[PDB]
Protein chains: 2
Amino acid sequence: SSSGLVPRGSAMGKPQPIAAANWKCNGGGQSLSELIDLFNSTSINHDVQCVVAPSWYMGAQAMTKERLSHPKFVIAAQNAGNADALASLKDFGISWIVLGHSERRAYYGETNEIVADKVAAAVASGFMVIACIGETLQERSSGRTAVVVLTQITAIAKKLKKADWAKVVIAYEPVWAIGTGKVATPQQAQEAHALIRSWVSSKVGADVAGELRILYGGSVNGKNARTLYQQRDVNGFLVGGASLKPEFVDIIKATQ
Amino acid sequence: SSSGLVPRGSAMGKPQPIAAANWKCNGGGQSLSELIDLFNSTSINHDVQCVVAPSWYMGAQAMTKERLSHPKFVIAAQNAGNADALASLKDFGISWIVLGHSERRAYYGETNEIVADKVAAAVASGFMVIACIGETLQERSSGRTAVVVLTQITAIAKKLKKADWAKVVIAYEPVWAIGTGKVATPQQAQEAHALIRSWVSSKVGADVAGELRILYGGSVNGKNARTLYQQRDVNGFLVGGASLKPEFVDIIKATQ
Ligand SMILES: Cc1ncc(C[n+]2csc(CCOP(=O)(O)O)c2C)c(N)n1
Ligand SMILES: Cc1ncc(C[n+]2csc(CCOP(=O)(O)O)c2C)c(N)n1
């Protein structure tokens, strides 16, 4: 009861996009300062939630908490943590967390149970959690992706009640795309994201599933972001390498 | 009752050196493979325990567990973890862990209590733990080092019984030396290490204190390692950047 005079122009839809930067690996306290100068000097007119994930390493989070002021940016913790670690995070007004592969993989092989526990402990303390799931290249080559991907989100979901999903973001980031220059095709991304959503729709709720954001991560850059975002089931990006460059702004723009 | 015919030639002494490589930041599954080819092809004749800490990231730990065979090398986990994470580590025959700054600092400011808990949980599952302590540049400039350093190890110690120290290694790595090219002078290192040992001697036992290894970490490379190791209270090195280069071999040799 709220369309125009004429059909369409689209079947979506689409929750609000996120564009997340993970600065886990950078030792340039200076250029980072400059980056967030760029970010601040940057007019983002559409509805997108931008996230920056600094390390303690070098300037990093201290610099960011101080010098980043843009209204569409929040700061997230990387991993985290103990119950003390969460209590500490609250104290410093950090309310987002990125969880995923380190956690699943740090301890020599698929500890999804740890991912699930961490996501839930976090949601339980009121955090927004970006949860990452993805196959390895081996699992991809052997056509195990669908099984692996579902296994991972089933784990995360087991520890959550329907209402927790309000605070959950999913990042689909295949391990073979991380730092490798091998990004998923828009068709791959769409496929996996669609799979994930169909799972959430069925097992949690269609209500929840349409509101859920599933970000794509893995070798996203200025070039490939738009075509990727075009996909029906992509709601933004988890970005590592290119997040440390002025092109992150372009990754953000692609999210419109 | 076991000297030669003639005094000296030294007042030490000195427990067995460690030379630890932390590969937290490297995306070159190929060159790493080559590195450990170099490490394997490398004859280390003296008593030194070499440690390599791979990430899950890229090839990394999978590659290392497979391809590293040298008898004087063990593999350590980076951080870790949950009780599941430790249980997982045991399963894969990983028996060493590096804990420190991420842990103390990940959650926006000095969570030493987390470091202590983690070190003890680890020692309790039978792990060798390399525990890192260090001031920030601010704390250094303002002459707060002694207070900060002691605060940190006092925390670690609180959760340990005298016999746990058998499994504890201390890494003194000032945060201002990490990835910054600003390494401690041999005199700084000696000072801090000496402080730490005097603390352990007094509060834990002189017995324990002389057997304890305190490694120096922070911008160690082929050039500076020897002069550093020469110091009475330095028992080796925690090495990040230069550990990813053929010069790590030289850092190892310096430990003789
Ligand atoms: C707790 C935790 N720590 C780290 C990670 C890994 N990680 C998070 S951001 C990013 C995306 C960009 O890579 P690229 O350089 O290709 O843009 C990667 C692959 C995780 N999933 N969970
Ligand atoms: C759990 C945990 N994760 C990470 C760290 C940091 N970190 C460990 S190895 C290394 C030494 C070489 O730096 P450089 O590049 O100067 O040789 C640094 C500074 C810690 N203390 N605890």
Side-chain angles (χ1 to χ4, degrees), chain A residues 20-25 27 51 53 55-58 76-81 97-106 114-115 118-119 129-134 171-183 215-221 237-245 248 251, chain B residues 20-25 27 51 53 55-58 76-81 97-106 114-115 118-119 129-134 171-183 215-221 237-245 248 251:
Chain A
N22 193 41
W23 295 347
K24 200 96 153 172
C25 273
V51 182
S55 192
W56 55 276
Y57 193 92
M58 311 266 168
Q78 269 156 357
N79 89 252
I97 311 185
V98 193
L99 307 163
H101 288 306
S102 178
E103 259 111 39
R104 179 173 301 109
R105 306 182 182 286
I114 299 183
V115 183
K118 271 25 211 148
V119 163
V129 195
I130 294 166
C132 314
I133 67 187
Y172 170 65
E173 63 160 5
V175 175
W176 52 262
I178 307 172
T180 63
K182 42 203 223 286
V183 68
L215 319 169
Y216 169 76
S219 288
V220 174
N221 60 37
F237 305 108
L238 180 51
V239 185
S243 83
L244 292 154
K245 296 177 179 154
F248 190 67
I251 297 170
Chain B
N22 193 41
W23 295 347
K24 200 96 153 172
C25 273
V51 182
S55 192
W56 55 276
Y57 193 92
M58 311 266 168
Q78 269 156 357
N79 89 252
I97 311 185
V98 193
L99 307 163
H101 288 306
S102 178
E103 259 111 39
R104 179 173 301 109
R105 306 182 182 286
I114 299 183
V115 183
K118 271 25 211 148
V119 163
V129 195
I130 294 166
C132 314
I133 67 187
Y172 170 65
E173 63 160 5
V175 175
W176 52 262
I178 307 172
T180 63
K182 42 203 223 286
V183 68
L215 319 169
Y216 169 76
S219 288
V220 174
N221 60 37
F237 305 108
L238 180 51
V239 185
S243 83
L244 292 154
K245 296 177 179 154
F248 190 67
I251 297 170

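Basis for what follows: all heavy atoms, side chains included, without hydrogens, waters or symmetry-related copies. Throughout, a chain's letter reflects where its sequence line sits, starting with A, and its residues are numbered from 1. We count ligands from 1, going down the list as the structure has it; atoms in each ligand are counted the same way.
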Any donor-acceptor pair under 3.5 Å linking the side chain of [X] with the backbone of [Y]?
| X | Y | answer |
| --- | --- | --- |
| B/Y216 | B/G218 | yes |
| B/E103 | B/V115 | no |
| B/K182 | B/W176 | yes |
| B/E173 | B/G134 | no |

Return the [atom1] to [atom2] distance between [X] and [Y], rounded to the nearest 0.5 Å.
| X | Y | atom1 | atom2 | answer |
| --- | --- | --- | --- | --- |
| A/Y57 | B/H101 | OH | NE2 | 11.0 Å |
| B/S102 | A/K24 | OG | NZ | 6.5 Å |
| B/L99 | B/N79 | CG | CG | 7.5 Å |
| A/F237 | A/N221 | CZ | CG | 10.0 Å |

Do any nitrogen or oxygen atoms of [X] come within less than 3.5 Å of a nitrogen or oxygen of ligand 2?
| X | result |
| --- | --- |
| B/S219 | yes |
| B/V98 | no |
| A/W56 | no |
| B/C132 | no |

* Hey, is ligand 1 close enough to A/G240 that some N/O pair sits below 3.5 Å? -> yes
* Asked: Any N or O on A/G241 sitting closer than 3.5 Å to an N or O of ligand 1?
  -> yes
Location of contacts on [X] toward ligand 2, heavy atoms closer than 4.0 Å:
| X | value |
| --- | --- |
| B/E103 | side chain |
| B/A177 | backbone |
| B/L238 | both |

* Asked: Do the side chains of A/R105 and A/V175 get nearer than 4.5 Å, heavy atoms only?
  -> yes
* Would A/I97 and A/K118 count as a side-chain contact (heavy atoms from CB on, under 4.5 Å) if you check the C-alpha gap in whole Å, the side-chain angles of each, and the deciding distance to 0.1 Å? -> CA-CA 10 Å; A/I97 311 185; A/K118 271 25 211 148; over 6 Å; no
* Give the residue and atom name of whichever protein heavy atom lies nearest to atom 20 (C) of ligand 2, and the separation in Å to one decimal. => B/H101 N, 3.2 Å
* Please state which protein non-hydrogen atom is closest to atom 2 (C) of ligand 2 and give its distance, to 0.1 Å? ->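 That would be B/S102 O, 3.6 Å.
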* Structure fact -> Looking at B/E173, B/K182, B/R104, B/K118, the heavy atom closest to atom 6 (C) of ligand 2 belongs to B/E173
* Any B/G179 heavy atom less than 4.0 Å to ligand 2 ->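 Yes, B/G179 has heavy atoms under 4.0 Å from ligand 2.
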* **Non-hydrogen atom of B/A20 closer than 4.0 Å to ligand 2** => no
* What are the two closest non-hydrogen atoms of B/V129 and B/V119, and how far apart are they? ->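 Smallest interatomic distance, heavy atoms only, reads CG2-O, 3.8 Å.
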* Asked: Between A/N22 and ligand 1, which residue portion shows a heavy-atom distance shorter than 4.0 Å: side chain, backbone, both, or neither?
  -> side chain
* Asked: Does ligand 1 have a heavy atom under 4.0 Å from the side chain of A/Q78, from its backbone, from both, or from neither?
  ->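 For A/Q78, there is no contact with ligand 1 at all, from either part.
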* In ligand 1, which numbered atoms sit nearer than 4.0 Å to a non-hydrogen atom of A/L99? ->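 What qualifies from ligand 1 is 1 (C), 22 (N).
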* **Sub-4.0 Å atoms of ligand 1 with respect to non-hydrogen atoms of A/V239** =>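 Numbered from 1, ligand 1 contributes 12 (C), 17 (O).
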